[PDB]
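Structural characterization, general
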Amino acid sequence: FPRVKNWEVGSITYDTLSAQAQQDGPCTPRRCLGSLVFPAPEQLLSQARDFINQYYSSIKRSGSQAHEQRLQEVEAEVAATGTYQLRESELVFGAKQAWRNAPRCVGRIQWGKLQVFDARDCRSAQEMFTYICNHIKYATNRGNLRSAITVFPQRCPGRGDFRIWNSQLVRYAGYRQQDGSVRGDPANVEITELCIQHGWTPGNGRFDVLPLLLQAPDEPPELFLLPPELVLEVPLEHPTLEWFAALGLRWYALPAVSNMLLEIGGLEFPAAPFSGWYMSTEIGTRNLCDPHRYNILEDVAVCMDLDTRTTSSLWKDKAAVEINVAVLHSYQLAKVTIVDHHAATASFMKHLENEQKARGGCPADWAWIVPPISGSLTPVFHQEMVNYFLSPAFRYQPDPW
Amino acid sequence: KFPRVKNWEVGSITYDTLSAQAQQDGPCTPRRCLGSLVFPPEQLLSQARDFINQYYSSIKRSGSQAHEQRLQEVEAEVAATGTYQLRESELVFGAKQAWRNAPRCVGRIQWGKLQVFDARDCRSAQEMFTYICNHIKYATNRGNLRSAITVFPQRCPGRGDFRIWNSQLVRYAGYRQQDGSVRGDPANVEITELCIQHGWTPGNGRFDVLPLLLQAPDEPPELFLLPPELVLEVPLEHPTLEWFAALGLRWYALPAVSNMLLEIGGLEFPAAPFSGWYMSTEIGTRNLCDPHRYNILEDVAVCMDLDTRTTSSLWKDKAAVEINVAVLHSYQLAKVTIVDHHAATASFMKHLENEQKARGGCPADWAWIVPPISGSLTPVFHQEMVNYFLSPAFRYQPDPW
Ligand code: HEM
Ligand code: HEM
Ligand SMILES: Cc1cc(N)nc(-c2cc(CN3CC(F)(F)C3)cc(F)c2F)c1
Ligand SMILES: Cc1cc(N)nc(-c2cc(CN3CC(F)(F)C3)cc(F)c2F)c1
Ligand SMILES: C[C@H](O)[C@H](O)[C@H]1CNc2nc(N)[nH]c(=O)c2N1
Ligand SMILES: C[C@H](O)[C@H](O)[C@H]1CNc2nc(N)[nH]c(=O)c2N1
Ligand SMILES: [Cl-]
Ligand SMILES: [Cl-]
Ligand SMILES: [Gd+3]
Ligand SMILES: [Gd+3]
Ligand SMILES: [Gd+3]
Ligand SMILES: [Zn+2]
């Protein structure tokens, strides 16, 4: 079992949980590919059997009558139908486990506190839309954000998938420009074009909230505008740089990923949007300062009267820190939940400790857990980590177009 | 079987075909990635054959008279002696290759410019000291630093190694207390205790340059005072924070790693100190702000009158940036070569581009290439990378005790 050191404290642990890693990653003894962003009834049964074992362990009923009976029921259902259905309590447990198992999530100290909306009876894209609106409403909670997932019907033989075409429930449009530039968010050019192609009348601002493209089984995607009073946004200002407000920057309250596949015990839920709350570096560092995103770093630095003619003035570092200060201040001012990267990584360290006691390890992707500014100022930088895949899991999947 | 590698800032794609040549298996498997872990008779002929072939291809002389002749001589030497001697030009070529192959080095744009001092006729620790003193004076060059390596005799069976017990040629002492805590550098408490144990009168300061412990084969180490005029140091001041000087901080000019093992063509050099120049985050972020190093961050924030009562003021990030400014300002004022993390990573992207054309890829350790502050503000953050072991190489080796 891999030995793991924390270099700040000197403590050492062994990740025994990694030995149970079912599915395989991209690395080999010849080469490590850890930095890459994107690396049959019998096999359904063995996946299902392992999940049921997980579930009955969690409720202190391993080896019990109810445990063996459920294993038998699942085998019989797979034999008779090619698939099986989760019980409601199994779905809740499995959704929480998938979050808990997500190696790239620094917010997992919260994994036990997750509101699970069971939408597996959803019949249409129109009912899908209503479920999504109520997710957004519940999760936003007027700024006091609450973690939630809504689970739409599973993939099954004989029917297409439910899919949310949007990568998040709330996203800003990206309009390819006349001269080849992008107005708004360059990350969203593709989905923006698809929305227009599907009847949306575009805007022309930098922060136009996109409509939803929702796909019911064997249906074209259908366009739905979000009710604007459901989409809580935060205008960005800085506590001491009064000109910052004149940038006209905004971001939205709710980070709700909507393009990932939820896998539980072999069953696949291609539509299962989940939401928490932001860590401020996601907005202030990546979304606003990535060169291929809003790319505001140099404009802020010039307004700050920094010397942008030389790298050794650290103008980039200074401007990025104040942009992150603006995000934290603005969300706090607006009474919208947000966590800074110091508080988040501190809580993740407690999560690793909890998980070492509970499970003998914790799958974690160092390059995603360490924040994109001030890396070695946070405790996770000095913590060696073991990255591996456990199920239940959130998985990437191809775009439906 | 050729990993696809994407740069996410630009969208460009390359394939690392060089990875298909990796010799020493790394620590990762398809079941788990260990990429964040700091530390994971005549097969000598196959390693020598391969290295000789490397040398002659690099001079456009594969399959020619001198190539075959050199192949026979190493064969004859190993048959008659069980080992072989590197030609002078081969030692130079191999040192530069080991540097070029170092996956954790962001400074490899310089790999072609390296001064190699051949100390393979060395004997006794007194000779090492004069060799080390020659290196330090050459490398330091009154602040206009020049990359250099000194290669002491290779390991041979039945006889002890040449070893430098210090991890660097210049290191500050770390002294315990009437209460456990350390005055000076906590990274060097052990070698301080070893140096004192061998007769060195310790100082009482936070920045006392340690003596050298130099080990001739099968002899105990010998203490050597470094000539103080040969140890160039930089008092740290800040361009605008007038009180920063009064903190009494210093760092040394020359980063000279002296505990790693150089391996060329199957031959091993446990004493081969190499030096370049600092990247400013090494000093300003890790050495001065790591909690287990000088841990100065909060003292600087107090002096800056920052709100240390909440993490979301980003007082840590602000104090860190100003410490890095102070490092850069002070080295530039002292006319000592230094490179900031923005300049260094941009040069590394150019190195990756050069290596793509020259060799079809480049072994790179993402977690070590991305700087410890402002990670996603540097281009390497957005570059996918492949990590693997090529030879010649710098390897880690156990403490010689
Ligand atoms: C409660 C507050 C939460 C915080 C502060 C948080 C934080 C984060 C952050 C910073 C990332 C990296 C995202 C990026 O760089 O793009 C992430 C990834 C992720 N989070 Fe969490 N998260 C939270 C809640 C949740 C919840 C409720 C779930 C699921 C039930 C979840 C599942 C995931 C997954 C699957 C990823 C990986 C996404 C990917 O790699 O594409 N997170 N989280
Ligand atoms: C010339 C300017 C140079 C710069 C700016 C530079 C920069 C760096 C940096 C920042 C690191 C990370 C080390 C740490 O985090 O403590 C590193 C590692 C390393 N450097 Fe360079 N370096 C330079 C020259 C050299 C030379 C001349 C050699 C060898 C001949 C070399 C070989 C290495 C090796 C082997 C490592 C890996 C250390 C390890 O794996 O622990 N570097 N370099
Ligand atoms: C629940 C939750 C909370 C939170 N704080 N963040 C996220 C979150 C996750 C991602 C993953 N994306 C796919 C990619 F790899 F492209 C990047 C992207 C974002 F923008 C996010 F906000 C999700
Ligand atoms: C030639 C050169 C230039 C430069 N800029 N840095 C280094 C350098 C390398 C290391 C590696 N060490 C192993 C560990 F992980 F323990 C840390 C440590 C340092 F302190 C350094 F300064 C070397
Ligand atoms: C190429 C590299 O893996 C990529 O830029 C990663 C690095 N770490 C990350 N970490 C987080 N949290 N989010 C990201 O999108 C990324 N991107
Ligand atoms: C645990 C983690 O691997 C460790 O802290 C690493 C991370 N990246 C690093 N990167 C560099 N350049 N130097 C280091 O010492 C480290 N330390
Ligand atoms: Cl986002
Ligand atoms: Cl150092
Ligand atoms: Gd003002
Ligand atoms: Gd303007
Ligand atoms: Gd005062
Ligand atoms: Zn790996």
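As recorded in the entry header, the structure was determined using X-ray crystallography to a resolution of 1.73 Å.

**Some points on the overall build of chain A**
Scanning chain A from N- to C-terminus turns up ten helices and 18 strands. Its C-alpha atoms give chain A a radius of gyration of 22 Å, near enough to 21 Å, the size a compact globule of 401 residues would have. Structurally, chain A occupies a C-alpha span of about 70 × 60 × 40 Å along its principal axes. In chain A, which comprises 401 residues, the proportion classed as buried is 55%. By element, 50% of the accessible surface of chain A is carried by carbon and sulfur atoms, the whole surface being about 17,100 Å². The centroid of the 37 positive side-chain charges in chain A is displaced by 5 Å from the centroid of its 43 negative side-chain charges.

**A short note on the overall build of chain B**
On a plain count of helices and strands, chain B comes out with ten helices and 18 strands. Whereas a compact globule of 401 residues would reach a radius of gyration of roughly 21 Å, chain B reaches 22 Å, a difference of no more than 12%. Considered along the principal axes of its C-alpha atoms, chain B spans approximately 70 × 60 × 40 Å. The buried share of chain B, taken over its 401 residues, is 56%. In the structure as shown, chain B presents an accessible area of about 17,400 Å², 51% of it carried by carbon and sulfur atoms. The average position of the 38 basic charges and that of the 43 acidic charges among the side chains of chain B differ by 5 Å.

**Overview of the coordination of the iron atom of ligand 2**
Of the protein atoms, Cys105 of chain B (SG) alone serves as a donor to the iron atom of ligand 2, at 2.3 Å. Relative to the elements of secondary structure, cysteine 105 of chain B occurs in the loop between α3 (88-100) and β3 (115-118).

**What to know about the domain arrangement of chain A**
Residues and elements named next belong to chain A. Assigned domains of chain A: these are domain 1 (15-120 + 147-157 + 261-275 + 345-369), domain 2 (121-146 + 161-232 + 396-400) and domain 3 (233-255 + 278-343). Across the boundary between the two partners, domain 2 contributes 20 residues, which contact 17 residues of domain 3. For the domain 2 and domain 3 pair, buried surface summed over both sides reaches about 1,700 Å², with 56% attributable to carbon and sulfur atoms. Considering only the surface of domain 2 that becomes buried against domain 3, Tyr172, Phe207 and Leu232 emerge as the three largest contributors, covering 35% of it. Where domain 2 packs against domain 3, one counts one salt bridge. Put simply, domain 2 and domain 3 have eleven residue pairs in polar contact between them. The element that contributes the greatest number of residues to the side of domain 2 that touches domain 3 is helix α4 (residues 125-140), accounting for three residues. The residue inventory of the side of domain 2 that touches domain 3, partitioned by class, reads eleven nonpolar, five polar and four charged.

**Structural notes on the site of ligand 2**
Residue and element names in this part refer to chain B. If you check the shell around ligand 2, you find 18 residues, and the closest are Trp99, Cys105, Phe274, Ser275 and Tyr396. Between ligand 2 and the protein, one listed contact pairs a nitrogen atom with a side-chain N or O atom of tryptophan 99 at 3.4 Å. Across the shell around ligand 2, the residue classes break down as twelve nonpolar, four polar and two charged. Composition of the shell around ligand 2 by domain shows at least three residues from each of domain 1 (16-120 + 147-157 + 261-275 + 345-369) and domain 3 (233-255 + 278-343).

**Looking at a nonpolar patch on the surface**
A surface patch of nonpolar side chains, amounting to about 360 Å² of accessible area, comprises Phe1, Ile12 and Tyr14 of chain A. As for its placement among the helices and strands, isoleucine 12 of chain A is situated in strand β2 (residues 12-14).

**Some details on the packing of helix α1 (residues 44-58) of chain B against helix α2 (residues 65-81) of chain B**
For any two helices packed against each other, the geometry is given by the interaxial angle and the distance between the axes. Residues and elements named next belong to chain B. One way to put it is that α1 packs onto α2 with a least axis distance of 10 Å and a crossing angle of 160°. On the basis of the axis angle, α1 is roughly antiparallel to α2. As α1 runs across α2, the sense of the crossing is right-handed. Along its contact with α1, which presents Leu44, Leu45, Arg49, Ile52, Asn53 and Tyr56, the element α2 presents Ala66, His67, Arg70, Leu71, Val74, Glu75 and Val78. Classifying every residue of the contact of α1 with α2 by side-chain character gives eight nonpolar, two polar and three charged.

**Notes on the nonpolar core**
Soluble globular proteins tend to bury their nonpolar side chains together. Of all hydrophobic cores here, the largest spans 115 residues; its most connected members are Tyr331 of chain A together with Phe152, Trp251 and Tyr331 of chain B. Setting aside anything within four residues of it in sequence, one finds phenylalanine 152 of chain B in contact with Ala119, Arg120, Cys122, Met128, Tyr131, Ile132, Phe162, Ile164, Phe269, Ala271 and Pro273 of chain B. In terms of nonpolar packing, the next biggest core, distinct from the first, is built from 30 residues, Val106, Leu352, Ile369 and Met385 of chain B among them.

**Comments concerning the interface of chain B and chain A**
A common way to express how large an interface is: the accessible area buried when the components associate. Facing 63 residues of chain B, the contacting portion of chain A comprises 62 residues. Between chain B and chain A, a total of about 5,200 Å² is buried, with carbon and sulfur atoms accounting for 61% of that surface. The largest share of the area that chain B buries against chain A comes from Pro30, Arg31 and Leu377 of chain B, three residues that together contribute 12% of it. Where chain B meets chain A, there are 27 residue pairs in polar contact. The set of elements that each furnish at least two residues to the side of chain B that touches chain A consists of α6 (280-289), α8 (315-333), α9 (341-359) and α10 (366-369) of chain B. The leading source of residues in the side of chain B that touches chain A is α8 of chain B, at ten residues. Considered class by class, the residues forming the side of chain B that touches chain A number 29 nonpolar, 21 polar and 13 charged.

**Things to note about the site of ligand 3**
Residues and elements named next belong to chain A. All residues in the neighbourhood of ligand 3 are listed as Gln168, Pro255, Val257, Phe274, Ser275, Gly276, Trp277, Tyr278, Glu282, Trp368 and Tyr396. One of the side-chain nitrogen or oxygen atoms of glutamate 282 is found 2.7 Å away from a nitrogen atom of ligand 3. Expressed as a share of its isolated accessible area of 510 Å², the protein-covered part of ligand 3 is 65%. Class assignment for the residues of the shell around ligand 3 results in seven nonpolar, three polar and one charged.

**A word on the domain arrangement of chain B**
Residue and element names in this part refer to chain B. For chain B, the assigned domains read domain 1 (16-120 + 147-157 + 261-275 + 345-369), domain 2 (121-146 + 161-232 + 396-400) and domain 3 (233-255 + 278-343). Distance from the C-alpha centre of domain 1 to the C-alpha centre of domain 2: 27 Å. Facing 22 residues of domain 1, the contacting portion of domain 2 comprises 17 residues. Of the roughly 1,600 Å² buried between domain 1 and domain 2, counting both surfaces, carbon and sulfur atoms make up 63%. The tally of links from domain 1 across to domain 2 stands at one salt bridge. Measuring nitrogen to oxygen at the nearest pair gives 2.7 Å for the salt bridge that ties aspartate 161 to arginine 155. Our count for the domain 1 to domain 2 interface comes out at eight residue pairs in polar contact.

**Section: the pattern of salt bridges**
Residue and element names in this part refer to chain A. Per the stated rule, a full pass over the model turns up 29 salt bridges over all chains. Among the ionic pairs, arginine 286 bridges to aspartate 290, the shortest N-O distance being 2.9 Å. For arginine 286, a relative accessible area of 26% gives the class partly exposed. Residue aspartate 290 is classed as buried on the basis of its relative accessible area of 2%. In this structure, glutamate 355 and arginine 359 form a salt bridge, with 3.5 Å as the shortest nitrogen-oxygen distance. With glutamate 355 and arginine 359 both in helix α9 (residues 341-359), this residue pair falls four residues apart, about one helical turn. The same class applies to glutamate 355 and to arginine 359, which are both buried.

**Focus on the coordination of the iron atom of ligand 1**
Coordination of the iron atom of ligand 1 by the protein involves just one donor, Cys105 of chain A (SG), at a distance of 2.3 Å. The topology assignment puts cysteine 105 of chain A in the loop between α3 (88-100) and β3 (115-118).

**Describing the sheet that holds strand β4 (residues 148-151) of chain A**
All names here are of chain A. Across the sheet, four strands lie side by side as β3-β4-β15-β12; this open sheet has mixed pairing. The sheet terminates laterally at β3 and β12 (256-257), the two strands that pair on one side only. Both β3 and β4 contribute to a ladder of four bridges, which runs parallel. Paired with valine 116 across the bridge in β4 is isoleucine 149. Along the sheet face, α3 touches β3 and β4 and points at about 135° away from the line of β3. Those strands touched by α4 are β3, β4 and β15 (274-275), and its axis lies near 170° from that of β4.

Procedures and definitions
Residues numbered from 1 in each chain as written, not as in the entry; some residues may be left out. Chains lettered and ligands numbered in written order. Heavy atoms only, no water. Helix = DSSP H or I, 4+ residues; strand = E, 2+ residues; numbered from the N terminus. Rg over C-alpha atoms; globule rule 2.2 N^0.38 Å. Buried < 20%, exposed > 50% of the residue type's maximum accessible area, 1.4 Å probe, protein only. Areas by Shrake-Rupley, 256 points an atom, 1.4 Å probe, with all protein chains shown as cover. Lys, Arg positive; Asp, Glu negative; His and termini not counted. Charge placed at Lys NZ, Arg CZ, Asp CG, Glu CD. Donors = N, O, S within 2.8 Å, 3.2 Å for Na, K, Ca; no water. Domains from an automatic or database assignment. Contact = heavy atoms within 4.5 Å. Buried area = accessible area lost by both parts, 1.4 Å probe. Salt bridge = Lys/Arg side-chain N within 4 Å of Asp/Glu carboxyl O. Polar contact = N/O pair within 3.5 Å; in protein donor to acceptor, adjacent residues only side chain to side chain. Nonpolar A, V, L, I, M, F, W, Y, C, P; charged D, E, K, R; others polar. Near = heavy atom within 4 Å. Patch = residues over 30% accessible without salt bridge, like charges linked within 9 Å, V, L, I, M, F, W, Y side chains within 5 Å. Axes fitted to C-alpha atoms, helices over the stretch in contact; angles between N-to-C directions. Parallel < 35°, antiparallel > 145°, perpendicular 65-115°, else oblique. Left-handed = near helix turned anticlockwise from the far one by under 90°. Core = buried A, V, L, I, M, F, W, Y, C linked by side-chain atoms within 4.5 Å. Pairing = 2+ DSSP bridges.

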